[PDB]
>>> print(open('data_16.tsv').read())   # TSV, C-alpha atoms and all ligand atoms
chain	number	residue	atom	x	y	z
A	1	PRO	CA	-3.04	10.09	5.33
A	2	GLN	CA	-0.29	12.65	5.69
A	3	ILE	CA	3.02	11.47	4.18
A	4	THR	CA	6.21	13.25	5.21
A	5	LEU	CA	9.22	13.21	2.96
A	6	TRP	CA	12.12	12.23	5.22
A	7	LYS	CA	11.95	8.82	3.52
A	8	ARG	CA	10.85	7.90	0.00
A	9	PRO	CA	7.02	8.03	-0.27
A	10	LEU	CA	6.62	4.36	-1.07
A	11	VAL	CA	3.20	2.75	-0.91
A	12	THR	CA	1.67	-0.60	-1.83
A	13	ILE	CA	-0.35	-0.72	-5.03
A	14	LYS	CA	-2.46	-3.54	-6.46
A	15	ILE	CA	-2.57	-4.11	-10.20
A	16	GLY	CA	-3.55	-7.34	-11.96
A	17	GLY	CA	-4.34	-8.91	-8.52
A	18	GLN	CA	-0.71	-8.45	-7.49
A	19	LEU	CA	0.79	-6.23	-4.82
A	20	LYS	CA	3.76	-4.06	-5.77
A	21	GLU	CA	5.63	-1.16	-4.23
A	22	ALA	CA	5.55	2.27	-5.93
A	23	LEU	CA	6.61	5.85	-5.33
A	24	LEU	CA	4.11	8.67	-5.05
A	25	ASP	CA	5.71	11.11	-7.48
A	26	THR	CA	4.48	14.65	-7.91
A	27	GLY	CA	7.25	15.26	-10.45
A	28	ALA	CA	5.80	12.64	-12.82
A	29	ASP	CA	2.97	13.61	-15.18
A	30	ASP	CA	2.26	9.90	-15.81
A	31	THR	CA	2.31	6.53	-13.99
A	32	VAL	CA	5.07	4.19	-15.10
A	33	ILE	CA	5.44	0.56	-13.92
A	34	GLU	CA	8.12	-2.07	-14.43
A	35	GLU	CA	7.55	-4.83	-16.97
A	36	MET	CA	4.41	-6.86	-16.27
A	37	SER	CA	1.53	-8.20	-18.26
A	38	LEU	CA	-1.69	-6.17	-18.65
A	39	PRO	CA	-4.80	-6.97	-20.71
A	40	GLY	CA	-5.92	-5.31	-23.92
A	41	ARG	CA	-4.29	-3.37	-26.65
A	42	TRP	CA	-1.48	-0.80	-26.01
A	43	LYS	CA	-0.35	2.30	-27.82
A	44	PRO	CA	3.21	3.60	-28.02
A	45	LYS	CA	4.60	6.40	-25.92
A	46	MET	CA	8.09	7.82	-25.39
A	47	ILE	CA	8.63	9.46	-22.02
A	48	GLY	CA	11.63	11.47	-20.85
A	49	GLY	CA	13.51	12.04	-17.63
A	50	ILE	CA	16.98	12.58	-16.17
A	51	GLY	CA	19.27	10.56	-18.44
A	52	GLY	CA	17.11	10.42	-21.57
A	53	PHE	CA	13.94	8.89	-23.02
A	54	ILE	CA	12.47	5.45	-22.87
A	55	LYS	CA	9.84	3.67	-24.84
A	56	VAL	CA	6.84	2.37	-22.96
A	57	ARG	CA	3.51	0.64	-23.63
A	58	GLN	CA	0.43	2.70	-22.83
A	59	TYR	CA	-2.56	0.88	-21.38
A	60	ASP	CA	-5.75	2.83	-20.77
A	61	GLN	CA	-8.54	2.31	-18.21
A	62	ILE	CA	-6.57	-0.01	-15.97
A	63	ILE	CA	-7.94	-0.81	-12.52
A	64	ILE	CA	-5.31	-0.01	-9.90
A	65	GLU	CA	-5.46	0.39	-6.12
A	66	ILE	CA	-3.02	2.89	-4.58
A	67	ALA	CA	-2.53	2.77	-0.79
A	68	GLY	CA	-6.03	1.36	-0.50
A	69	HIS	CA	-7.60	3.98	-2.81
A	70	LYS	CA	-9.29	2.80	-6.03
A	71	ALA	CA	-8.30	4.36	-9.34
A	72	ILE	CA	-8.94	3.51	-12.99
A	73	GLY	CA	-6.67	5.12	-15.55
A	74	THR	CA	-3.63	5.08	-17.75
A	75	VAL	CA	-0.61	2.96	-16.89
A	76	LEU	CA	2.66	3.04	-18.86
A	77	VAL	CA	4.74	-0.14	-18.76
A	78	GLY	CA	8.45	-0.24	-19.60
A	79	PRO	CA	12.07	-0.21	-18.46
A	80	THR	CA	11.63	2.24	-15.64
A	81	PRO	CA	14.04	1.99	-12.75
A	82	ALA	CA	11.16	2.43	-10.32
A	83	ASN	CA	7.40	2.03	-10.16
A	84	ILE	CA	6.07	5.59	-10.06
A	85	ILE	CA	2.56	6.88	-9.46
A	86	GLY	CA	2.24	10.13	-11.37
A	87	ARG	CA	-0.24	12.95	-11.32
A	88	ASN	CA	-2.76	11.25	-13.57
A	89	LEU	CA	-3.52	8.82	-10.66
A	90	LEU	CA	-2.54	11.06	-7.73
A	91	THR	CA	-5.44	13.31	-8.73
A	92	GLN	CA	-7.81	10.32	-8.70
A	93	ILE	CA	-6.91	9.55	-5.07
A	94	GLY	CA	-7.26	13.20	-4.06
A	95	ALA	CA	-3.64	13.91	-3.28
A	96	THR	CA	-2.30	17.36	-2.63
A	97	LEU	CA	1.00	18.90	-1.58
A	98	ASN	CA	0.80	21.02	1.54
A	99	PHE	CA	3.25	23.30	3.41
B	1	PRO	CA	-0.43	26.56	0.72
B	2	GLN	CA	-2.28	23.59	-0.61
B	3	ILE	CA	-1.18	22.66	-4.13
B	4	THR	CA	-3.38	20.41	-6.25
B	5	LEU	CA	-1.88	18.14	-8.90
B	6	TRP	CA	-4.06	18.81	-11.94
B	7	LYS	CA	-1.05	20.66	-13.37
B	8	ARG	CA	2.70	20.39	-12.71
B	9	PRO	CA	3.52	21.80	-9.24
B	10	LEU	CA	5.86	24.51	-10.38
B	11	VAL	CA	7.09	27.27	-8.08
B	12	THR	CA	9.53	30.13	-8.16
B	13	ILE	CA	12.79	29.63	-6.38
B	14	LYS	CA	15.67	31.94	-5.60
B	15	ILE	CA	19.13	30.29	-5.71
B	16	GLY	CA	22.53	31.88	-6.13
B	17	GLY	CA	20.97	35.28	-6.59
B	18	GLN	CA	18.89	34.01	-9.51
B	19	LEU	CA	15.22	33.37	-9.96
B	20	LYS	CA	14.25	30.02	-11.51
B	21	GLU	CA	11.08	27.92	-12.00
B	22	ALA	CA	11.28	24.44	-10.39
B	23	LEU	CA	9.10	21.41	-9.89
B	24	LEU	CA	8.13	20.23	-6.37
B	25	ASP	CA	9.11	16.57	-6.81
B	26	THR	CA	8.32	13.95	-4.20
B	27	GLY	CA	9.86	11.26	-6.44
B	28	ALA	CA	13.30	12.92	-6.31
B	29	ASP	CA	15.64	12.18	-3.45
B	30	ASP	CA	17.83	15.14	-4.39
B	31	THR	CA	17.44	18.70	-5.76
B	32	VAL	CA	18.76	19.05	-9.34
B	33	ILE	CA	19.15	22.42	-11.11
B	34	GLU	CA	20.27	23.35	-14.62
B	35	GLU	CA	23.70	24.72	-15.24
B	36	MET	CA	24.53	27.72	-13.07
B	37	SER	CA	27.40	28.92	-10.87
B	38	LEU	CA	27.34	28.33	-7.13
B	39	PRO	CA	29.96	29.24	-4.48
B	40	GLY	CA	32.24	26.81	-2.63
B	41	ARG	CA	33.67	23.39	-3.22
B	42	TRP	CA	31.92	20.68	-5.11
B	43	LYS	CA	32.29	17.01	-5.90
B	44	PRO	CA	31.20	15.01	-8.88
B	45	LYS	CA	28.20	12.68	-8.70
B	46	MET	CA	26.16	10.51	-11.04
B	47	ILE	CA	22.40	10.60	-10.57
B	48	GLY	CA	19.91	8.36	-12.29
B	49	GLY	CA	16.43	8.53	-13.64
B	50	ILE	CA	14.18	7.39	-16.48
B	51	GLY	CA	16.63	7.27	-19.38
B	52	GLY	CA	19.78	6.56	-17.32
B	53	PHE	CA	22.30	8.74	-15.51
B	54	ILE	CA	23.72	12.22	-15.79
B	55	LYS	CA	26.87	13.66	-14.25
B	56	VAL	CA	26.35	16.59	-11.90
B	57	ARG	CA	28.30	18.82	-9.50
B	58	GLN	CA	27.27	18.41	-5.85
B	59	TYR	CA	27.33	21.61	-3.79
B	60	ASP	CA	26.57	21.46	-0.08
B	61	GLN	CA	25.06	24.02	2.27
B	62	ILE	CA	23.25	26.06	-0.39
B	63	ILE	CA	20.45	28.37	0.64
B	64	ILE	CA	17.38	28.31	-1.49
B	65	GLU	CA	14.08	30.20	-1.16
B	66	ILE	CA	11.21	28.04	-2.38
B	67	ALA	CA	7.90	29.80	-2.97
B	68	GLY	CA	8.91	32.21	-0.21
B	69	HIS	CA	10.18	29.58	2.22
B	70	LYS	CA	13.96	29.42	2.97
B	71	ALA	CA	15.85	26.12	3.19
B	72	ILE	CA	19.48	24.99	3.17
B	73	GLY	CA	20.92	21.81	1.76
B	74	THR	CA	22.66	20.05	-1.08
B	75	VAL	CA	22.04	21.12	-4.67
B	76	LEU	CA	23.13	19.09	-7.70
B	77	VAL	CA	23.93	21.11	-10.82
B	78	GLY	CA	24.05	19.69	-14.30
B	79	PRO	CA	22.27	18.93	-17.57
B	80	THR	CA	18.85	18.13	-16.15
B	81	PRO	CA	15.85	18.64	-18.45
B	82	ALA	CA	13.90	20.12	-15.55
B	83	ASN	CA	14.76	22.02	-12.36
B	84	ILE	CA	13.63	19.74	-9.54
B	85	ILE	CA	13.16	20.40	-5.80
B	86	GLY	CA	13.63	17.03	-4.18
B	87	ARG	CA	12.92	15.62	-0.78
B	88	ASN	CA	16.12	16.93	0.78
B	89	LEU	CA	14.67	20.43	0.57
B	90	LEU	CA	10.93	19.62	0.60
B	91	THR	CA	11.31	18.33	4.16
B	92	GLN	CA	12.84	21.61	5.27
B	93	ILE	CA	9.86	23.69	4.08
B	94	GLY	CA	7.48	21.27	5.82
B	95	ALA	CA	5.95	19.80	2.69
B	96	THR	CA	3.71	16.76	2.97
B	97	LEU	CA	1.58	14.72	0.61
B	98	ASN	CA	-1.99	14.39	1.82
B	99	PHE	CA	-4.90	12.25	0.71
C	1	LIG	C1	5.37	11.65	-18.57
C	1	LIG	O1	5.42	10.88	-17.37
C	1	LIG	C2	6.64	10.89	-16.81
C	1	LIG	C3	7.76	11.50	-17.37
C	1	LIG	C4	8.96	11.49	-16.67
C	1	LIG	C5	9.05	10.90	-15.43
C	1	LIG	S1	10.56	10.84	-14.55
C	1	LIG	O2	10.63	9.60	-13.75
C	1	LIG	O3	11.69	11.14	-15.45
C	1	LIG	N1	10.50	12.08	-13.48
C	1	LIG	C6	10.28	13.38	-14.04
C	1	LIG	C7	11.16	14.46	-13.41
C	1	LIG	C8	12.62	14.13	-13.60
C	1	LIG	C9	10.92	15.81	-14.11
C	1	LIG	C10	9.89	11.80	-12.20
C	1	LIG	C11	10.90	11.97	-11.07
C	1	LIG	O4	10.15	12.17	-9.88
C	1	LIG	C12	11.88	10.81	-10.96
C	1	LIG	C13	11.27	9.49	-10.50
C	1	LIG	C14	12.28	8.35	-10.52
C	1	LIG	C15	12.67	7.75	-9.33
C	1	LIG	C16	13.62	6.76	-9.40
C	1	LIG	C17	14.25	6.39	-10.59
C	1	LIG	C18	13.80	6.98	-11.76
C	1	LIG	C19	12.84	7.96	-11.72
C	1	LIG	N2	12.97	11.09	-10.06
C	1	LIG	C20	14.24	11.35	-10.36
C	1	LIG	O5	14.72	11.46	-11.50
C	1	LIG	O6	14.97	11.58	-9.24
C	1	LIG	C21	16.37	11.72	-9.43
C	1	LIG	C22	16.81	12.91	-8.55
C	1	LIG	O7	16.94	12.40	-7.21
C	1	LIG	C23	17.12	10.97	-7.26
C	1	LIG	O8	16.02	10.27	-6.65
C	1	LIG	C24	15.54	9.22	-7.49
C	1	LIG	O9	15.77	7.94	-6.89
C	1	LIG	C25	17.16	7.68	-7.13
C	1	LIG	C26	17.29	8.02	-8.61
C	1	LIG	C27	16.40	9.24	-8.75
C	1	LIG	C28	17.14	10.57	-8.73
C	1	LIG	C29	7.97	10.23	-14.94
C	1	LIG	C30	6.76	10.21	-15.60
C	2	CL	CL	2.70	30.86	3.07
>>> encode(input="data_16.tsv", output="structure tokens")
Amino acid sequence: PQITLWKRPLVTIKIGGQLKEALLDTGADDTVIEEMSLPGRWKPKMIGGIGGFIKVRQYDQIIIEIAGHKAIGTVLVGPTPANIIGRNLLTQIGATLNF
Amino acid sequence: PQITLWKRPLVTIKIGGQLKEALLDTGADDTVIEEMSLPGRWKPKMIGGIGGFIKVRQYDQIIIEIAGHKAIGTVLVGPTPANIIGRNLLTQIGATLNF
């Protein structure tokens, strides 16, 4: 699809068998999701934005569907104000910016 | 152009007679630039992100040239760790996300 930017580019994702809403975010290197449970071991990461850094849990090789497109990759979990799909998964679904 | 997302989508902008590098950021409602002078009146605003909020100056009706494409709109100025072109200006240059 072609997503215009007059509104927030919110899509439905599926992770852990559950549907959630998330923002397609070209300004995010990484994908960050609100607190949830994911399987396996995690590694620490600190990520930074407007307002400062937060600590998150890094889970690798997680199966995630993004707007109906299948991806498998790294998901950071922590106290983000928004679920954001960053470039590590936008590249897996073949997304580009065009003007 | 078509911009892939393997790397950060950084572009050159011209704002207030200055050249800057900025990120094309579909996850940002608003355009946020590091400290600089702009003409006209302004009003204070708090904007959030990962890590919390920062205080910025909101300037309206600012002309920006983004990778060669001119646009007018609101610019927030303050202690952002990255110059960000948000949706308020991305719409004006006709940018879409495609997959
Ligand atoms: C290493 O991997 C990362 C590292 C950092 C980030 S991030 O979330 O800090 N961010 C990086 C960017 C600031 C350089 C991604 C942005 O797209 C965030 C994404 C974001 C969205 C919502 C809340 C937090 C973050 N947007 C954001 O800060 O927008 C600001 C400006 O306009 C407003 O719109 C947004 O909605 C209203 C609040 C924000 C305001 C993500 C993944
Ligand atoms: Cl062109």
>>> closest_residue(input="data_16.tsv", among="B:60, B:34, B:25, B:65", to="ligand LIG 1 (chain C)", atoms="all atoms listed in the file")
B:25
>>> residues_near_ligand(input="data_16.tsv", ligand="ligand CL 2 (chain C)", cutoff="12 Å", atoms="all atoms listed in the file", output="MDAnalysis selection string")
(chainID A and resid 98:99) or (chainID B and resid 1:3 66:70 93:95)
>>> calpha_fit_rmsd(input="data_16.tsv", fixed="chain A", moving="chain B")
0.4 Å
>>> closest_residue(input="data_16.tsv", among="A:27, A:78, A:39, A:86", to="chain B", atoms="all atoms listed in the file")
A:27
>>> atom_distance(input="data_16.tsv", atom1="atom CA of residue 47 of chain A", atom2="atom CA of residue 14 of chain B")
28.7 Å
>>> closest_residue(input="data_16.tsv", among="B:9, B:40, B:79, B:48", to="ligand LIG 1 (chain C)", atoms="all atoms listed in the file")
B:48
>>> closest_atom_pairs(input="data_16.tsv", of="chain A", to="ligand LIG 1 (chain C)", cutoff="10 Å", atoms="all atoms listed in the file", output="Markdown table")
| residue | atom | partner | partner_atom | distance |
| --- | --- | --- | --- | --- |
| A:8 | CA | C:LIG1 | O9 | 8.5 |
| A:22 | CA | C:LIG1 | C15 | 9.6 |
| A:23 | CA | C:LIG1 | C15 | 7.5 |
| A:24 | CA | C:LIG1 | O4 | 8.5 |
| A:25 | CA | C:LIG1 | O4 | 5.2 |
| A:26 | CA | C:LIG1 | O4 | 6.5 |
| A:27 | CA | C:LIG1 | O4 | 4.3 |
| A:28 | CA | C:LIG1 | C30 | 3.8 |
| A:29 | CA | C:LIG1 | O1 | 4.3 |
| A:30 | CA | C:LIG1 | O1 | 3.7 |
| A:31 | CA | C:LIG1 | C30 | 6.0 |
| A:32 | CA | C:LIG1 | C30 | 6.3 |
| A:33 | CA | C:LIG1 | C30 | 9.9 |
| A:45 | CA | C:LIG1 | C1 | 9.1 |
| A:46 | CA | C:LIG1 | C1 | 8.3 |
| A:47 | CA | C:LIG1 | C3 | 5.2 |
| A:48 | CA | C:LIG1 | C4 | 5.0 |
| A:49 | CA | C:LIG1 | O3 | 3.0 |
| A:50 | CA | C:LIG1 | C8 | 5.3 |
| A:51 | CA | C:LIG1 | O3 | 8.2 |
| A:52 | CA | C:LIG1 | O3 | 8.2 |
| A:53 | CA | C:LIG1 | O3 | 8.2 |
| A:54 | CA | C:LIG1 | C4 | 9.3 |
| A:75 | CA | C:LIG1 | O1 | 10.0 |
| A:76 | CA | C:LIG1 | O1 | 8.4 |
| A:79 | CA | C:LIG1 | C18 | 10.0 |
| A:80 | CA | C:LIG1 | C18 | 6.5 |
| A:81 | CA | C:LIG1 | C17 | 4.9 |
| A:82 | CA | C:LIG1 | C17 | 5.0 |
| A:83 | CA | C:LIG1 | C15 | 7.8 |
| A:84 | CA | C:LIG1 | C13 | 6.5 |
| A:85 | CA | C:LIG1 | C30 | 8.2 |
| A:86 | CA | C:LIG1 | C30 | 6.2 |
| A:87 | CA | C:LIG1 | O1 | 8.5 |
| A:88 | CA | C:LIG1 | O1 | 9.0 |
>>> atom_distance(input="data_16.tsv", atom1="atom CA of residue 41 of chain B", atom2="atom CA of residue 12 of chain B")
25.5 Å
